[PDB]
Amino acid sequence: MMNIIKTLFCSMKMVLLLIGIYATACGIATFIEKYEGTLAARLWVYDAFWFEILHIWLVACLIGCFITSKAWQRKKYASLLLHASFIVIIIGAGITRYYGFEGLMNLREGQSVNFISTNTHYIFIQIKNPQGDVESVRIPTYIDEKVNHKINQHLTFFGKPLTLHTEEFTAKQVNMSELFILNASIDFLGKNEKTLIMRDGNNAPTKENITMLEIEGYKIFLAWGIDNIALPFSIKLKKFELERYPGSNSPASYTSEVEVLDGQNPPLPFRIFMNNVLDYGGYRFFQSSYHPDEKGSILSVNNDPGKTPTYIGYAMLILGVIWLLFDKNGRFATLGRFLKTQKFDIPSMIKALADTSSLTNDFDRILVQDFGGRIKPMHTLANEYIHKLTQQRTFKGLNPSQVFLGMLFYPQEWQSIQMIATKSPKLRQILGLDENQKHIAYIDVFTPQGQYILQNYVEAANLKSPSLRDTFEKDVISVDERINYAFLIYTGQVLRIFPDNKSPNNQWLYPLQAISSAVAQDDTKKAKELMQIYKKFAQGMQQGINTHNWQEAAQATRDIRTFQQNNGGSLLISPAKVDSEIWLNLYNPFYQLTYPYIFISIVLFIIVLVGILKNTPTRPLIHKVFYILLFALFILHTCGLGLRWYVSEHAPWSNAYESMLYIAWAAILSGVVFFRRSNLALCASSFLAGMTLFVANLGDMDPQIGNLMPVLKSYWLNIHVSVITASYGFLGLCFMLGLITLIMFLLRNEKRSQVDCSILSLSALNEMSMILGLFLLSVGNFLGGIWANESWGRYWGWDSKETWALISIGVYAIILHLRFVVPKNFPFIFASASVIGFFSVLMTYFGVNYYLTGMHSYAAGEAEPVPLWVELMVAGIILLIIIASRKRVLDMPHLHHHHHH
Ligand SMILES: CCCCCCCCCCCCCCCCCCCC(=O)O[C@H](COC(=O)CCCCCCCCCCCCCC)COP(=O)(O)OCCN
Ligand code: HEB
Ligand code: HEB
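Shown next, in the form of structure tokens:
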């Protein structure tokens, strides 16, 4: 049992400081990681001794604070377990930092390998004295192209003393890239020496660089290089194969087939996938890359003995989270019970082909193999291509299918109709057309005598830089991409449909290549059938332009459909998915949900604030009506997500557009289900959902349904992302409620009572929403680890999103705990804190996805320079807080319910 000695300063204030110092440290570390090499961020923060000092100090502070709080005399078992998870997790992390080592390994078909080469960099000294065969020492060094760090080292080896000092290093490009050449001074015994030492890249310490001297200490060796470590067993591989979606170079799967050789003289076989691993003898093997000649494999290995302590830690943390969320006592149930008491040739053919519904009804269902490897119904392909050519959804009364069919069959018209959109005056003037943009036409961009006017500009423009684009260059590259798309359509190379010939990898051919292959093949039968299809369909189109029956071309479309079902392989999707995809394209909810969300939120906020400004409660009818309406709209939303999941055949939260849709879903879930009792929570939640769907629909995000990267194919995709991105819903709800309670603070005029109880209830609602958000963020982060311990190769490596998730955990832990240290002001300080704290989450999402490098790039993009808009928004927030500060005095434990309380 602890006694209260002067050394026991342990009290919450010390935990808030420690968490603050830790958070600032990791932040500065992450920005150093960008302005200097990652080796400079391993230095100064992550591998620095004082960081381990902070870790042990934090553990001791957890023990001291729990002893001083009389946690064990009271029951509080849930808090004890939850909090003990941290003490374990930290122990496991320490064990891994001290005993666990990492390695990379290279293997070639038929090669046997029993040694692995470290990824860090070492300097090696060996001494031999005529007495004493060898002594050997290794020292780690943090120097490369971007950082220099003088080594100073004093050691005793043969038993005499030795010193080494190092100056700097130049990067001369003497063949091997830049053979690193470094200069050094030594003292051994009285002898003092000056020496030049050189290494190859991240490869073996070759003999040539190995440099040996024989003055004091007999004969001595010095080298600078990568270390090699020797396995007790041995490995051989006999395959590397990777499988790329049919019809595309996009790699779907990476595979190795591997045999394991040991005095268990029967070999043991295993096969390996990007998201699968091997465990043998205490070693774990993942698969990262492969030799560029596609017959060599690269593996990463982690002998991390701290695995099981950290996993038990994660299990304790999850059990504690569930326990505290269902505990009868504790903060969450107390706030729930509190809130329960409160009240709160043919140029006019457009119109001709507009009415072709009888044709398009079948045309929209012929499958096409997109260049991404996925098989699309032609409706989706037509939508994508036309919405890329013409920025408006409909070029004329023609829907996308009609205009696609028209520009396919009558290039002589549609290449001279103004449709290719442009948004730059300099581009239009350099083309010699009038200033009015007006969707320039395909024929206008090159001359019969000429080649292609923009060619000279794009070759100058594209390679320069994404980060300092110009209003001219942006539209130049964009219009070039659009013209390339149009050329693909006019050539017919996009209709990779008519055959499913089983010659290539599995790729479906386009019609002219189809005819060529059928002619190359003695399959004249197929050639003449395809010719009949072509002739019938073209004649039917001609008839439909000059008349109006269309049944001929519709029958030809039915013919190509039945040819699909006849010749196609296992790639053919069932008609159910085709129907689902066409429905999701026609009645896409995510474009329609955005505005009604915002407008309903605004009107409901106005109605509720009118009541709170007065001293009358809002009539139940209004709550019931808006609640049922929001619930119907939420059901429509979740059905939209369900259809995207079903048609994608993968979880619909994996490519940073879906992620925005799922954050919207989590935000609306928080308001509709959990906090349904309160009007202001529902208002804030629906407002958040609307705003984030609008941001997603700003057009920067790519919304089309693509196939998964191979790494993402793990089951953990369903649990890591879902919980992590659900956290942002509740945290954004906390942000919105913070702004709302600050406005309520402004309204307070000491004549009004309702305002006071309103703020007092909003504080608790914000607090419990923050509890839920934190818990989700913590659990999702750590489980994600359990997933990064299979995909990447280590469960924590201080990656740029890893560290910022931890920063967010730290900030919200500070905000939740500060209720223990700052009495009297509590509602206002908590409001301010819950408003400012959301900057950590906005950073962890946007900044880490765009403005910082890292491995978790599953949702990244090119960094546009930060808009001053956000700076003005932050200035507005800070001004609002300063103004609200004038009325902050309203203690938390007030008294008279109804009259107040
Ligand atoms: C000479 C050896 C003598 C024997 C010593 C054996 C060990 C005894 C027990 C040690 C007890 C504490 C002392 C150890 C300090 C551990 C240092 C942690 C820093 C660290 O490097 O952790 C990394 C990852 O772990 C992580 O990811 C941890 C995440 C950070 C902690 C998370 C805390 C829980 C969440 C809530 C925290 C509170 C809120 C924070 C805002 C390890 O990886 P590496 O890069 O070093 O490995 C690469 C080379 N193998
Ligand atoms: C997760 C998140 C979080 C974090 C990070 C934390 C972190 C912490 N924490 Fe915590 N906590 C929490 C969450 C948290 N936390 C909660 C939720 C609670 C509540 C519990 C109950 O309800 O009872 C607490 C509670 C608590 C308490 C009270 C209990 C008694 O009875 O006394 C204390 C003292 C604490 C401390 C602390 C510390 C020192 C730290 C540093 C490590 N904590
Ligand atoms: C598997 C593999 C992977 C891994 C390993 C991971 C790992 C991780 N992660 Fe992750 N994530 C992911 C995949 C992933 N991840 C995805 C896919 C997502 C969704 C999309 C995005 O990102 O957006 C996420 C998401 C996410 C989020 C939300 C935000 C965003 O989204 O941006 C967060 C916070 C995180 C964190 C994290 C952490 C801390 C970690 C460490 C453990 N993530």
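Numbering (the deposited numbering), first residue to last: 1 to 344, 386 to 942.
Heads up, the beta-carbon is just placed ideally off N, CA and C, and yes, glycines get one too.
Check your understanding: Under the criterion of a Cβ to heavy atom distance below 7 Å, does residue 376 qualify as lining ligand 2?
Key -> This structure gives no coordinates for residue 376. The numbering of the chain moves from 344 immediately to 386.
Point to revise | 6 Å Cβ shell around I538 - same chain, five flanking residues per side excluded | key: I407, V409
Practice item. Just tell me which of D396, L859, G110 has its CA closest to the CA of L439. Key: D396
Exercise for review: On the DSSP bridge assignment, give the partners of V258 in chain order.
Suggested key: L237, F270
Exercise for review: Ignoring anything shorter than 3 residues or poking outside the region 394-479, list the beta strand (DSSP E) runs there in chain order.
Suggested key: 408-410, 416-418
Review point. So is the beta-carbon of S755 under 7 Å away from any non-hydrogen atom of ligand 2?
Key: no
Review point. Taking only runs of the alpha helix (DSSP H) that begin and end inside the region 835-918, which ones reach a length of at least 4 residues, in chain order?
Key: 841-858, 867-877, 879-883
**Study point:** Straight-line gap, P540 to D743 (C-alpha atoms, nearest Å)
**Key:** 30 Å
Check your understanding: From what residue to what residue does the alpha helix (DSSP H) around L813 run?
Key -> 795-829
Check your understanding: So what does DSSP say about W224, is it helix, strand or coil?
Key -> strand
Check your understanding: Relative to the C-alpha of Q126, which residue among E570, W757, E214 is closest?
Key -> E214
Review point. Mapping DSSP to helix, strand and coil, what is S253?
Key: strand
Check your understanding: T96: beta carbon under 7 Å from a heavy atom of ligand 1?
Key -> yes
**Study point:** Inter-residue Cα distance where the pair is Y77 and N890
**Key:** 39 Å
Practice item. Could you pull out every unbroken alpha helix (DSSP H) segment of at least 4 residues lying fully inside the region 543-599, listed in chain order? Key: 552-561, 565-587
Exercise for review: Please report the residue range of the alpha helix (DSSP H) in which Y314 lies.
Suggested key: 307-326
Review point. With C-beta atoms as the reference, is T894 less than 8 Å away from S849?
Key: no
Practice item. Out of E52, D516, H55, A84, point me to the one whose CA is closest to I67's CA. Key: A84
**Study point:** Straight-line Cα distance separating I53 from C61
**Key:** 12 Å
Exercise for review: Please name the residue, chosen from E216, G201, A223, that lies closest to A184 on a Cα-to-Cα basis.
Suggested key: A223
Practice item. Would you list, in sequence order, the uninterrupted beta strand (DSSP E) runs of no fewer than 3 residues that lie entirely inside the region 607-677? Key: none
Check your understanding: Which residues mark the beginning and the end of the alpha helix (DSSP H) in which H761 is found?
Key -> 758-788
Check your understanding: To the nearest angstrom, how far is it from the Cα of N497 to the Cα of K429?
Key -> 23 Å
Point to revise | Nearest-angstrom Cα separation, counted from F286 out to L278 | key: 7 Å
**Study point:** Distance between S727 and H941 (C-alpha atoms, nearest Å)
**Key:** 28 Å
Point to revise | Where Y853 falls, given that 16 or more other Cβ within 10 Å makes a residue buried | key: buried
Practice item. Identify whether residue 964 lies in helix, strand or coil by the three-state DSSP scheme. Key: This structure leaves residue 964 out entirely; the chain is present only between 1 and 942.
Check your understanding: Identify the residues that DSSP records as bridge partners of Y280: which are they?
Key -> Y283
Review point. Once you ignore the five residues that flank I387 on each side, which residues in its own chain have a CB closer than 6 Å to its CB?
Key: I586
Review point. Thinking C-alpha only, which one of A846, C65, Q153, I427 is nearest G27?
Key: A846
Point to revise | Option nearest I919 by Cα separation, candidates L783, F332, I298 | key: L783
**Study point:** The beta strand (DSSP E) enclosing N720, as first and last residue numbers
**Key:** Per DSSP, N720 belongs to no beta strand (DSSP E); it is in the alpha helix (DSSP H), 720-737.
Review point. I91: beta carbon under 7 Å from a heavy atom of ligand 1?
Key: yes
Check your understanding: Would DSSP call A697 helix, strand or coil?
Key -> coil
**Study point:** ligand 3 heavy atom lying under 7 Å from the CB of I746
**Key:** no
Review point. Which same chain residues, not among the five before or five after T96, have their C-beta less than 6 Å away from its C-beta?
Key: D304, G306
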